[PDB]
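Enquirer: Numbered by PDB author numbering, the letters in the sequence shown go through residues 52 to 461, 469 to 568, 582 to 860 in order.
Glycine is no exception: its CB is placed at the ideal position from the N, C-alpha and C atoms.
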Amino acid sequence: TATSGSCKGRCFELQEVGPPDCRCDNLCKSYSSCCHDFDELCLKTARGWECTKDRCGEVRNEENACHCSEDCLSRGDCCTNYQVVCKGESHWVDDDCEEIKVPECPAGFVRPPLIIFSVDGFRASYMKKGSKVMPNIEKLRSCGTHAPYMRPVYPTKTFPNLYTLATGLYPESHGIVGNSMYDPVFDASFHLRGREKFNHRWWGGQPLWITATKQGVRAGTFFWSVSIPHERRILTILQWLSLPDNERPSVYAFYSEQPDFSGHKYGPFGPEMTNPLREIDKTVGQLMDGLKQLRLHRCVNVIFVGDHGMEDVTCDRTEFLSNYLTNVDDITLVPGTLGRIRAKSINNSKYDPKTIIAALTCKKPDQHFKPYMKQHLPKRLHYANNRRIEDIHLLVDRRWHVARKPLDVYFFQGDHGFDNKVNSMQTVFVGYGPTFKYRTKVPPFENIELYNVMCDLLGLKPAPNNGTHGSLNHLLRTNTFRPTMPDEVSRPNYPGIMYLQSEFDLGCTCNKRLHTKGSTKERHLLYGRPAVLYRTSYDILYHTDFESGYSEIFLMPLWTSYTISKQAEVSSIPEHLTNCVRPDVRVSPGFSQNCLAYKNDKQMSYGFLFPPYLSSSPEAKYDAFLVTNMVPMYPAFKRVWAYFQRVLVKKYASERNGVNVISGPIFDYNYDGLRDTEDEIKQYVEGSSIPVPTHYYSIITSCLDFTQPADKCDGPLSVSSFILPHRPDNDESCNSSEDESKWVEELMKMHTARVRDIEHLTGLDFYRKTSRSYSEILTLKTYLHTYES
Ligand SMILES: *[C@@H]1O[C@H](CO)[C@@H](O[C@@H]2O[C@H](CO)[C@@H](O[C@@H]3O[C@H](CO[C@H]4O[C@H](CO)[C@@H](O)[C@H](O[C@H]5O[C@H](CO)[C@@H](O)[C@H](O)[C@@H]5O[C@H]5O[C@H](CO)[C@@H](O)[C@H](O)[C@@H]5O)[C@@H]4O)[C@@H](O)[C@H](O[C@H]4O[C@H](CO)[C@@H](O)[C@H](O)[C@@H]4O[C@H]4O[C@H](CO)[C@@H](O)[C@H](O)[C@@H]4O)[C@@H]3O)[C@H](O)[C@H]2NC(C)=O)[C@H](O)[C@H]1NC(C)=O
Ligand SMILES: Cc1cc(COc2n[nH]c3c2CCN(C(=O)c2ccc(S(N)(=O)=O)cc2)CC3)c(C(C)(C)C)cc1Cl
Ligand SMILES: Cc1cc(COc2n[nH]c3c2CCN(C(=O)c2ccc(S(N)(=O)=O)cc2)CC3)c(C(C)(C)C)cc1Cl
Ligand SMILES: [Ca+2]
Ligand SMILES: [Ca+2]
Ligand SMILES: [Cl-]
Ligand SMILES: [K+]
Ligand code: NA
Ligand SMILES: [Zn+2]
Numbered sequence: 052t053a054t055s056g057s058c059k060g061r062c063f064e065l066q067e068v069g070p071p072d073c074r075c076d077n078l079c080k081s082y083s084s085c086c087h088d089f090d091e092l093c094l095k096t097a098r099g100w101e102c103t104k105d106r107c108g109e110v111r112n113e114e115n116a117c118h119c120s121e122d123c124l125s126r127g128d129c130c131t132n133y134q135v136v137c138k139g140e141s142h143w144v145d146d147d148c149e150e151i152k153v154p155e156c157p158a159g160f161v162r163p164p165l166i167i168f169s170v171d172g173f174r175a176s177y178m179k180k181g182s183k184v185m186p187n188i189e190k191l192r193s194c195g196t197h198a199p200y201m202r203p204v205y206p207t208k209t210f211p212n213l214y215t216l217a218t219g220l221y222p223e224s225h226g227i228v229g230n231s232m233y234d235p236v237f238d239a240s241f242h243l244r245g246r247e248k249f250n251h252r253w254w255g256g257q258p259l260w261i262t263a264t265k266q267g268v269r270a271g272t273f274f275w276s277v278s279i280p281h282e283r284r285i286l287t288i289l290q291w292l293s294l295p296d297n298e299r300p301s302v303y304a305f306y307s308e309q310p311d312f313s314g315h316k317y318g319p320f321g322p323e324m325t326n327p328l329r330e331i332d333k334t335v336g337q338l339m340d341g342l343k344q345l346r347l348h349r350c351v352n353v354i355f356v357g358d359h360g361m362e363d364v365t366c367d368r369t370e371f372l373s374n375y376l377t378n379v380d381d382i383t384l385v386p387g388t389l390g391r392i393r394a395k396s397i398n399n400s401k402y403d404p405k406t407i408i409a410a411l412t413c414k415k416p417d418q419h420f421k422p423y424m425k426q427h428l429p430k431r432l433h434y435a436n437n438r439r440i441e442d443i444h445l446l447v448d449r450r451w452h453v454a455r456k457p458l459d460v461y469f470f471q472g473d474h475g476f477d478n479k480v481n482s483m484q485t486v487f488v489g490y491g492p493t494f495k496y497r498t499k500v501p502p503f504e505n506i507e508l509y510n511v512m513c514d515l516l517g518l519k520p521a522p523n524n525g526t527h528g529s530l531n532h533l534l535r536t537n538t539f540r541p542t543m544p545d546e547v548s549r550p551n552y553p554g555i556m557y558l559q560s561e562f563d564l565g566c567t568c582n583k584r585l586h587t588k589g590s591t592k593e594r595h596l597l598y599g600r601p602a603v604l605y606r607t608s609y610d611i612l613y614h615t616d617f618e619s620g621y622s623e624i625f626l627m628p629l630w631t632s633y634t635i636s637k638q639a640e641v642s643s644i645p646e647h648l649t650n651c652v653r654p655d656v657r658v659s660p661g662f663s664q665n666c667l668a669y670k671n672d673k674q675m676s677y678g679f680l681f682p683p684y685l686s687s688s689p690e691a692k693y694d695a696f697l698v699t700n701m702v703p704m705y706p707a708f709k710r711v712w713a714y715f716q717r718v719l720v721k722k723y724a725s726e727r728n729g730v731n732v733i734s735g736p737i738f739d740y741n742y743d744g745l746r747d748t749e750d751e752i753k754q755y756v757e758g759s760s761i762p763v764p765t766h767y768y769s770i771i772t773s774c775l776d777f778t779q780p781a782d783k784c785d786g787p788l789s790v791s792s793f794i795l796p797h798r799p800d801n802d803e804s805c806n807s808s809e810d811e812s813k814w815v816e817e818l819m820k821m822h823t824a825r826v827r828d829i830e831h832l833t834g835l836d837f838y839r840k841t842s843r844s845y846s847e848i849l850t851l852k853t854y855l856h857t858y859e860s
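(1) Give the range of the alpha helix (DSSP H) segment to which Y375 is assigned.
(2) Short check: CB of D750 to CB of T699, under 8 Å?
(3) Per DSSP, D340 forms a beta bridge with which residues?
(4) Quick check: the Cα distance between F470 and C137, rounded to an integer number of angstroms?
(5) Tell me whether the segment 730-737 and the segment 621-639 touch, counting them as touching only if at least three CB pairs, one residue from each stretch, are closer than 8 Å.
(6) Compute every distance between the C-beta of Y221 and the non-hydrogen atoms of ligand 1, then say whether any falls below 7 Å.
(7) Could you tell me which of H118, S560, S276 sits nearest to residue 465, measuring between CA atoms?
(8) Could you tell me which residues DSSP pairs with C148 in its beta bridges?
(9) Following a CB-centred definition, is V453 positioned closer than 7 Å to any heavy atom of ligand 6?
(10) Tell me the DSSP bridge mates of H452?
(11) Apart from the five residues just before and just after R839, which ones in its own chain have a Cβ nearer than 8 Å to its Cβ?
(12) So, helix, strand or coil for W100, using DSSP?
(13) Would you kindly check if the distance between the Cβ of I611 and the Cβ of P682 is under 8 Å?
(14) Let me check understanding here. Comparing Cα to Cα, which of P689, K495, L78 lies closest to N537?
(15) When you compare each of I443, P429, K425 to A435 by their alpha carbons, which one comes out closest?
(16) Would you kindly report the start and end of the unbroken alpha helix (DSSP H) that includes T587?
(17) Following a CB-centred definition, is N524 positioned closer than 7 Å to any heavy atom of ligand 8?
(18) Would you kindly work out how many angstroms separate the C-alpha atoms of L518 and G159, rounded to a whole number?
(19) Pull the bridge partners of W630 from the DSSP assignment, please.
(20) Taking the beta carbon of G139 as the centre, do at least 16 other beta carbons fall within 10 Å, making it buried, or is it exposed?
(21) If residue 575 sits next to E362, beta carbons under 8 Å apart, how far is it from one beta carbon to the other, in whole angstroms?
(22) Could you check what DSSP says for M178 in three-state terms: helix, strand or coil?
(23) In chain order, what residues of the same chain lie with their CB nearer than 7 Å to the CB of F487, ignoring the 5 residues before and after it?
(24) Shorter than 7 Å, the distance from the beta carbon of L612 to the closest heavy atom of ligand 2, or not?
(25) Do you know whose CA, among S125, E155, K80, lies nearest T493's CA?
(26) Please report how far the alpha carbon of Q257 lies from the alpha carbon of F837, in whole angstroms.
(27) Starting from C666, follow the alpha helix (DSSP H) in both directions and report where the run begins and ends.
(28) Which residues in the same chain have their Cβ closer than 8 Å to the Cβ of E298, if we skip the five residues on either side of it in sequence?
(29) Can you find the residues in the same chain that come closer than 7 Å, C-beta to C-beta, to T365, ignoring five residues on each side of it along the sequence?
(30) Taking 7 Å as the cut-off, is the CB of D88 close to at least one heavy atom of ligand 4?
(31) Go ahead and pull the three-state DSSP assignment for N436.
(32) Among residues of its own chain, excluding the 5 on either side of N671, which ones have a beta-carbon nearer than 7 Å to its beta-carbon?
(33) Sorted by chain position, which residues of the same chain lie with C-beta nearer than 7 Å to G390's C-beta, five sequence neighbours on each side aside?
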């Protein structure tokens, strides 16, 4: 570039220029392309950041970092404390909270601006634990809308989380799957240090600044160069807010590398952390004071958000793969608070993923990581459908690291990156301004949801993303998004009695009419039938104790719904009943399973969706053993499922005052988080067309007010759900030799899920017929029961 050009009149210009011009935008530094005089003109520091009484009314000196002259407000370049020191005004933090019912903006503003104030490593518990030293942040939190915590995405690192904030996408979809990555298609490596990360090919989706710009709404920079001091970042935003109407952005971002930087050195709660928290709070105060001087403090919506939390982690708490693998030199590891393994050489024909997994599985009693093939990771992590994610993954216990060899580890006392349900990884959310609610607490929610909300705040249509638009309506005073329930694509058949017993050849070892036309359906289907959102052929089957949507294409239920009261009795299941699976006279032989395929398949057995253990009556129990209630299950998985059905369902009914359960299969052989089509299924029961699920789900709903039984609930609902992997072993559960009471519940907690996760995986839409607002239901569908204290 012709660096001999000048930044005079151009400092922090919003639109980058190309060669031969030199640049004065904030990215110039990152591209070594700033005009020669950029530091001199654009990064002024003279006299620091604060007006003093002696400077009030000064003649303007262009060398100063900020101004205390009479003309500074119209120029938009006063120091943030100018009006306090020189005009007897109060600091924003010292003013009482006053509800902001409507935007109170200068003429020419067409919408309230949005400022995203992002703090790296701001762990959720800082809001309480640091309260005495963060009065500005505490005022935003108490006066605005806040959650107790916000859940990050996995991995709980900066780049994946900030880019999720910007796009509404899971890392597997936006592509920023770690702070370090290898892309095999491009044969390229992304690192925190170096130039490859600047290549646009890494950054997928459509970030908020693009969404805005394409829709005619101007944006400030999102990236801030490390060397631009925070006070200059703030002053820059405030100068941009003073631009003419057709030049001024509507969306802005601030980023702070604190408290993360100090948290890595000192741990999350090291005594050294107080000062960083005070410093960040000071910066918030600068911004708020600056807005108040500009008459924008009741105009702009401020989002105070972190990217992830921070855990205690030390060099000694490192597991070494060289203690497990004889062949450690044949692998490449992406190390730390997660592990990702691939072959060092793609020409090495002796590398074998299975052997690596086996050598890493339950080898030391206290082992502080667990290996997975990525498709076997908990589905809630949504961490598999990208070629940048290695097939072999190590989920590392909180407080630990993994490394390849001890020499890699020859400082830090804090780190992050762990599973996003871990409490130490949670972060913060506050929204303050005219469009957010006043003095309102909202439940915890996921950061994937925020893109849609920022688009709502800006009048933008969001690009397609992984939020559930409307699930955060309860944060907002205005600009809610009101969607319609998706249209049902396939209508059910309602078959009657159409086949005689002797038409079947199952190969098994061997008022009723009111219940078959759906007379207890009100009790067992409490929220309406699920809607099927794709083209298929299915049947609704009614029974005294349960209702099902039976797929003629997959030869099993898509869903099975049943209600269990607090007083339900559990009964024995003798094996002669399990062996004598009965034809369903409503469903053709051709569209049914059989016992022979199971007898022939030495690896596959079967279970039942409605639990025979919880049958209400003799008439009713026969229904539990219908061929249309059977599902393929490996013997190892039947241990898990039997415990859930025999012990856990009744325990949850007792605790919750009844539960409604919807269970069913999931097929996701391509690990994309989406329902498989029939032609994607990789495994059948031997000699048959009976497809093998990759997972089994259950959605367990009750009354939020547990004084009301689940079947007579007048108000909001409570849900917990799971997506259990259908595996042929229990190798994931290192204590699985013990009784199920010692390991199954732990496995289930790990595989906790949102209803929305199940919806993606099944093409079903739940909760169609409740008494509740649709936005309330969408929030319910995004809920995750995390099992953390
Ligand atoms: C979370 O939300 C996101 C956003 O809604 C959901 O992701 C979408 O899911 C769709 C289904 O998986 C997917 O749709 C496919 O789009 C293809 C066009 O894709 C390009 O163009 C779009 C639009 O501008 C762009 O967004 C895409 O961006 C991806 O790829 C670039 C690299 O080019 C990456 O930088 C970027 O990060 C992003 O990667 C992510 O998605 C790709 C898949 O697109 C993954 O490979 C990555 O790992 C990463 O996850 C692209 O630039 C389109 O071509 C597809 O159509 C084919 O396949 C379907 C199969 O059902 C079929 O109907 C079509 O006929 C067609 O078939 C032909 O191609 C097949 C595949 O090669 C072939 O085998 C057949 O024989 C046929 O010839 C399909 O429509 C959409 O791209 C993504 N969007 C994003 C941003 O990720 C996501 O599902 C949500 N998650 C959950 C769990 O709900
Ligand atoms: C609001 C918002 C802001 C930004 C800008 O964010 C940044 N501006 N400037 C820096 C950043 C972050 C990275 N970075 C780091 O120093 C860093 C720090 C810790 C870790 S670690 N180790 O804690 O994970 C890893 C990297 C360099 C400085 C973005 C984008 C997407 C543009 C990044 C999106 C949004 Cl929505
Ligand atoms: C895509 C991407 C690239 C890079 C490399 O660097 C950049 N190259 N090109 C841009 C960036 C930074 C991000 N970025 C902005 O912050 C921005 C700038 C101007 C306006 S504007 N023009 O609307 O005012 C709005 C937003 C868009 C442009 C990074 C890292 C983190 C590696 C820096 C992160 C990302 Cl997500
Ligand atoms: Ca020029
Ligand atoms: Ca799939
Ligand atoms: Cl990483
Ligand atoms: K078998
Ligand atoms: Na085991
Ligand atoms: Zn960090």
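Expert: Here's the rundown:
(1) It is not in any alpha helix (DSSP H) - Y375 carries neither H nor E in the DSSP assignment.
(2) no
(3) In DSSP, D340 forms no bridge with anything.
(4) 44 Å
(5) yes
(6) yes
(7) Along the chain, the last residue before the gap is 461 and the first after it is 469, so residue 465 carries no coordinates.
(8) DSSP lists no partner for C148.
(9) no
(10) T369
(11) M543, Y598, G599, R600, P601, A602
(12) coil
(13) no
(14) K495
(15) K425
(16) 583-587
(17) no
(18) 19 Å
(19) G620
(20) exposed
(21) What the structure lacks is residue 575: the chain is numbered 568, then 582, with the residues between left out.
(22) helix
(23) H197, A198, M201, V356
(24) no
(25) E155
(26) 29 Å
(27) 666-671
(28) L65, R269
(29) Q471
(30) no
(31) coil
(32) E757, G758
(33) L384, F420, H444, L445, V447, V453
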